[PDB]
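Asker: Structure here, sequence nowhere to be found:
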């Protein structure tokens, strides 16, 4: 399948600028075979949180050719996992070989191929490696939680992010989880005889600030402490949650980079082969 | 895209052992049509967390036929149409037909080739069905945790079933299970406690609601629309001037926790790498025996 | 350590290192107050009366 | 490793897996295994 | 297992025991070892 | 020499794949073998260009290394971190996922080296640093001395028959300086340790069966260091060719240095004045 | 980014970060006299412009 | 916390790329410090403004 | 436009440093070997101690596997034009097809070239790793036969420790003398030993006796040598222009297929056991000592205008050591002259206190000193 | 990469202040002048013919 | 082309001669480990051996056709019950359907949910049967009609789903969208009220790649009445002690009682405030579980046409992993 995006008549002042966008990704809404350019288009920059929430509700598409009439595309993932294509990087950090990439809305705006003749503008999302996209989502959601190079939130959707976060956190509290919660001092004392044990604990740990301020008594034996065991259940639940906490706030990694011959690290603004996942 | 591996000739006898591992998986570094055996090697006594984190920055590849000269591999990530391929199951328990496999390090007692002629070691990761692996990880971690607090060291229920037969979950001291897993249990238990503490610090009165009518009502209201009982998160007290030795900004701690939790969740596998589509064979493949698979 | 920097830096600023000759209890009364390291002085077997 | 030109044909067939005892090495693969088609030799190039 | 026909002669001589590290495996003997005299083969005597 | 190498080239082959486009990737296998008893080639290292790395200073920071049990009063080592990491580059900034030294901006000269510090009694004789010396005092190495000489103390130091050692805190088995820069004591960090090869016997597995083996091994030993803006530790697999006669002698050279700038002036003159001393330059780089 | 920040050390004498706290920070004294976009330009030439 | 002005800062360790004085030391004739956003002189107790 | 400087490996003088033979079945052979035998001479002693028998010994050296490769990507837009699928019936698509096929030809022209400079680079990569430095090589050859007892080994290492630190940089620290350079080059050329003779080299001078070796350098050193110390011998040399051949046929085949080995000169062994175009290339020669070697600096003919570093700029590595705060004994502190670095009158002399820093010159020369407080990174850590 | 340009500019800084005048600082080394002239000639590159 | 799976099995649940090709089949876990994991999985207060009994009351058999499973649930249109009963050849069939219903209702009661007991295979196309022993064959990837059935009346096939259970989403949620390529999800609906509970099945198609909030709103009544009646039979203690209020005022207190690190023992640690987080009987996550879904593939079109049915259109088999829906 090859999504076909039709174009209206264009002035030569912007057609030649659109030609340069040969390896960026756009977000359709329905996967019909044909679709006009006006359809696939997002308003000018605003509320990076809302936009990041919108990328979840639509499936991406990367474009390959730009003819004076017609502009092709490719629906990224609907049935395929090995359609090796090429897409250019537009994020600040240079993405290296091996790691996955995730789509993130742009910061500060200023990335808008404002077309005057057609009277519309596009905002192609930037591409970041997973390790840094996670951190960016963390920073933005924390800042949203603060309000009860950086744009301010809107207080209408930030509450939705807070709701998702607080739900995913609330459902960690289990009658088994308290058993683990009981050994905070037994953990700190273990984080003293060795080096790695102390290394795993952070500095503003938000728990060392607790284990040295409050004593907790032995836990109450739960109902039927003979038949079943609770710590196992709580830990399994926590694995199940944390395996899917990153995506529920940001976006799943959409493709991983593979290059057969070129230099490993590809700089910003340069195309690099890829395979999707 | 099939890569070959130069093989520094070892000896008779050992080469037979290398021939016996004609089905396992190996983690390459980069997709080049050549590679030296010295490259795909890991000290078979190693930290499980770091190995599981490194498994992401590599490519899986299965060892097809081997010869005294070289051995041929086939990567799994990139591929055309997802062609079939053979795989040697090496987990502790069998895997059925029509499910998904996942790659985890040798969490329990380890097995590792010791190629004494070439003086290098190899680790071949286990091959587990999805849910059973996601539960076995929790099993080993929970056993280590129960041991940690010096409580009742045994409960006779550290056992896992799979297709009838009962498995024993070998004792946790065999190779280095008291040392090569400490990192994992620490890094998991700590994050769990930190998440709990942050939540309780943002909502101080959560555990003083109705035992059955308040907490459930709060959860159901939170899951539903925007009432939220006002700022259900009470405004935390104002922090210190960031040079006082006891500054504590709760929100930056929440930020660090989100980041670390996401990172830990991604470096755990649990995203299927293949799927057994065996055909013309016994529907249940026992451990140690090959099994037809199609990559996902 | 519930002590200003000077006592950690030097060795003779400590209020916990008793002098070799004492004529009263003024140094000893100051000693026990630093429990951050469990101190103890044995006088013939009794703490002090 | 396998033969190239058989010398004598066998007049009488029999079940072979019964009489494992008469033979010294025994290998029975299902059908067309992978080892038969390996032509991998090794030898000295020159002496001096 | 010595060579029967050398391809080419070595031009220069050298104390070789000192430079032994360049070579992979080797062996020296006093003079006229008995091992390299009897050479017996192993033959398969009919395929079927 | 006239024929120093046999060279066999195989048969070319063209492997195809798909990547947008079409990647034809040629390949040709080939092999060679030395065919001359004894050596057949040599090089001399005639000229000299600018030192590719800076020869300045950079105090190594331990706080990137783990395995050392911390101090009980967490406020104490918190203060240690808060004061020693201050104003010190390659400080382990906890930027996401690595807790590694941040990417520095701007380079005076080649990649900056790293410095170490080894305790030593004040009454160590000074003349041991004029000539080439070993930072331990036991000048064991391997080339001059059979196995068992690296840590024994009932046998004299071969390079100084006068004493047994020259640095008690840096020679004994399990001594202090050993427990920081040894091979099998799991106290290494991401930063390169310029003295890693001086307190390591792990080559005991690699026993030396000929001086020619060490000779040929030197001059082509793969590089242990990185090539980024610092001297980071590098995976051993990649490597690169580099020459170093140190690992053959385990000995170091003293650079031109003195305990006062007022001694290193164009009228050099005296080399020992008072408590302040001067050390002339006795190194392979006399010019 | 190397010219006005004071966390990345001086790339010529990496001991310190700057060698003159009165001529290196932005809006410093010595800067407000010889900066191209603060416009205290007179008729005479200025070698340090 | 200790006030930076009273406890002397450093001799060399002032020009290090981290400390919180270079950020406020950029004119030989003027000083720059932080103070409560009030009018001077104000009431006795220091307001938390 | 621009041409494409083609180069053939056999024209270069580096060819005489190796024998090259195609072996079209290398992809099949396991680890091959080569067998040497050598027979050390012996001289007759006399007197009390009994004589000895003449010694014999064999040896083998195994091969090693390397490979070359190069990517050749072409794109879809032109792939549709080559195969004629995307071809249209016009007078304009024809020209684009012409352009596409010309591009593919000009591309394959470059990729086929790379397999010559490939060997040109691989030969240097190989030879550079087996040649020990001359410094560590001369005295070891001076001490042959006596490296049995320990004392001779000590007398050898005590001389290696000097040769390393004194004979390591000529023509940069000796620019007034001439015959010292040529004599060092003579030692270099004469310290090695000739390898096996083969009739396939025939690398000859324009007039007479054959060549013996090569001398590869960087352009700068070659320039410094060809105008003060070395006189050009000639300007041409007749070389072979064909490879050799080792093939498996009609006697190696039966043995390789049924047994598992196949010797190269199998036909000779058989027929004995049972009864039974020189080119002209402009290379630049030079005579040194009593030999005749090629003198090249391949930085231009090859390696030029590309992305690979020249493998002749190696890397020396030294480890410096300086004492920080030592205090000399009492009986060694003394001013060489009573007129000392007398401090300012009225204030006491800080030249008596124990020193607490070292001063050393940096790469360029500006001094940068290390003081105690820099050791805080070490002497302030729980590891202590 | 940074490590290359570092040494490049560090050698440029030395090449400026040593070889900006010949046949006036060095009339004794007659051959050094011809050396420099040969350098000057060969350093350039031929254009299209 | 597409890839197939063959699994010999018993003719109890999926009966490949009774139905024509083109309907999804499921793989059933070995029941031994379910019965075992119950022993540790059933919550407090409830029975801990009732699944043992429920299974023993139904006495390898491995596959189960969705056409069969949909009948043994709450939601079903009785026409399909009549079809399954009178159209299956097999003996004792209605009784078995009843027992299977009791099995699934026990499964949800014991907090071992059936979504952890039924992996999904593709749509069957072929079979050879002995007397009460079959070998079904289903696709696993690719599009359905790449196969080749041995019917010789209709070589290719389609995918048939009982229209009684097919719940569309977009036209339901009124997204105002326009039908293009839509996903396909098989969803389960749990409901938990002790001794009065059931399971609802559906087959959902939409363009929504992430169900989540969509089901959370679709099944609002289920989540509501499941969060409150779910903790039942668990002894909660009396009114929670005031010590349970986790103190927050004490974090950035400059003057407060503090403890030297490493000394949580007998030495003077008494002056620290006590806090007993005690959570015994509140709603856990498994208590608020109400639905679970899994992606099936992509679809063009759905038409309804005959017993009512729902023919798919260009189904491309792409099976995904299971998913929880509790929040």
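Answerer: Done, it's in. Numbering: from 1, shown residues only, chains lettered A, B, ... in the order given.

Asker: In the stretch 51-200 of chain A, what residue comes closest to chain J?
Answerer: Evaluated by C-beta to the nearest C-beta, the stretch 51-200 of chain A has residue A:94 as its residue closest to chain J, separated by 13.0 Å. Just so you know, the C-beta spots here come from the backbone N, C-alpha and C atoms, and that holds for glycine as well.

Asker: Stretch A:22-40 near chain F anywhere?
Answerer: No: counting by C-beta under 8 Å from any C-beta of the partner chain, chain F is not contacted by stretch A:22-40; separation bottoms out at 9.4 Å.

Asker: now the end-to-end length of that stretch.
Answerer: When the termini of stretch A:22-40 are compared using C-alpha to C-alpha, to the nearest Å, they are 16 Å apart.

Asker: Quick check: residues of chain C near chain F?
Answerer: C:1, C:36.

Asker: could you redo the last one with a cut-off of 10 Å?
Answerer: C:1, C:5, C:8, C:36-37 (C-beta under 10 Å from any C-beta of the partner chain).

Asker: Mind checking which of the residues you listed are in helices?
Answerer: Using DSSP state H, the members of the residues of chain C next to chain F that fall within helices are C:5, C:8.

Asker: Looking at the residues of chain C next to chain F, spot the one nearest residue F:37.
Answerer: Residue F:37 has its nearest neighbour among the residues of chain C next to chain F in residue C:8, at 69.2 Å by C-beta to C-beta.

Asker: Now do the contacts for the closest one.
Answerer: Neighbour list for residue C:8: C:1, C:14, F:76 [criterion: C-beta atoms under 10 Å, 6 or more residues apart in numbering or on different chains].

Asker: list the contacts for the closest residue to the second one other than its chain neighbours?
Answerer: Excluding the flanking residues, the one nearest residue C:14 by C-beta to C-beta, 6 or more residues apart in numbering or on different chains is residue C:7, at 4.8 Å. For residue C:7, the contacting residues are C:1, C:13-17, C:34, by C-beta under 10 Å, 6+ apart.

Asker: Please report the number of neighbouring residues for the nearest residue to residue K:181 once chain neighbours are set aside.
Answerer: Leaving out its chain neighbours, the residue that sits closest to residue K:181 by C-beta to C-beta, 6+ apart is residue A:31, at 3.9 Å. Other residues near residue A:31 come to 17 when the count uses other C-beta atoms under 10 Å in any protein chain shown.

Asker: got a list of what residue A:31 touches?
Answerer: Taking C-beta under 10 Å, 6+ apart as the criterion, residue A:31 is in contact with A:1, A:3, A:59, A:61, A:75, A:78, K:180-182, K:207, K:298.

Asker: From these, which land in strands?
Answerer: A:61, A:75, K:182, K:298 (DSSP state E).

Asker: Residue numbers of the stretch 1-150 of chain A in contact with chain F?
Answerer: Taking C-beta under 10 Å from any C-beta as the criterion, the stretch 1-150 of chain A approaches chain F at residues A:22-23, A:64-65, A:74, A:82-87, A:129-132, A:134-136, A:138-139.

Asker: Mark which of the residues you listed are buried, thanks.
Answerer: Those of the residues of the stretch 1-150 of chain A next to chain F that meet the buried threshold are A:22-23, A:64, A:74, A:83-85, A:87, A:129-132, A:134-136, A:138-139, by 16 or more other C-beta atoms under 10 Å in any protein chain shown.

Asker: Just the residues you listed: which are in strands?
Answerer: Among these, the members falling in strands (DSSP E) are A:74, A:85, A:87, A:129.

Asker: Might you enumerate the residues of the stretch 51-200 of chain I proximal to chain J?
Answerer: Within the stretch 51-200 of chain I, no position is adjacent to chain J by C-beta under 10 Å from any C-beta.

Asker: ranges for the helices of the stretch 51-200 of chain I?
Answerer: I:76-82, I:93-130, I:138-142, I:150-166, I:179-191 (DSSP state H, counting those that start in this stretch).

Asker: what's the closest of these to chain H?
Answerer: Closest to chain H of those, according to C-beta to the nearest C-beta: helix I:150-166, at 36.5 Å.

Asker: Quick one: list the elements packing against the closest one.
Answerer: In terms of contacts (3 or more C-beta pairs under 10 Å, 6 or more residues apart in numbering or on different chains; DSSP states H and E), helix I:150-166 is packed against helix F:211-217, helix F:246-249, helix I:138-142.

Asker: So which of those helices is the most surrounded?
Answerer: Highest mean neighbour count among those (mean count of other C-beta atoms under 10 Å in any protein chain shown): helix F:246-249, with a mean of 20.

Asker: which residues touch the helix or strand following it?
Answerer: Helices and strands here follow DSSP states H and E; after helix F:246-249, the next one along the chain is strand F:257-258. For strand F:257-258, the external contacting residues (C-beta under 10 Å, 6+ apart) are F:129, F:263-265, F:268, F:271-273, F:276-281, I:320-324, I:355, I:358-361, I:367, I:369-370.

Asker: next one: stretch D:19-36 to chain centre, how far?
Answerer: Centroid displacement of stretch D:19-36 relative to its chain, using C-alpha atoms, centre = their mean, to the nearest Å, is 8 Å.

Asker: How about the contacts made by residue 7?
Answerer: Looking at chain A here, since you left the chain open. Taking C-beta under 10 Å, 6+ apart as the criterion, residue A:7 is in contact with A:15, A:18, A:36-38, A:66-71, A:118.

Asker: You answered for a different chain; I wanted chain K.
Answerer: Listed by C-beta under 10 Å, 6+ apart, the contact partners of residue K:7 are B:96-98, B:278-279, B:283, K:25, K:27, K:62-63, K:121, K:124, K:134-138.

Asker: so what's the closest residue to residue A:26 other than its chain neighbours up against?
Answerer: Of all residues beyond its chain neighbours, the one nearest residue A:26 is residue A:40 (5.0 Å), with distances taken as C-beta to C-beta, 6+ apart. If a contact means C-beta under 10 Å, 6+ apart, then residue A:40 has A:3, A:5, A:26-29, A:58, A:61, A:63, A:73, A:122 as its contacts.
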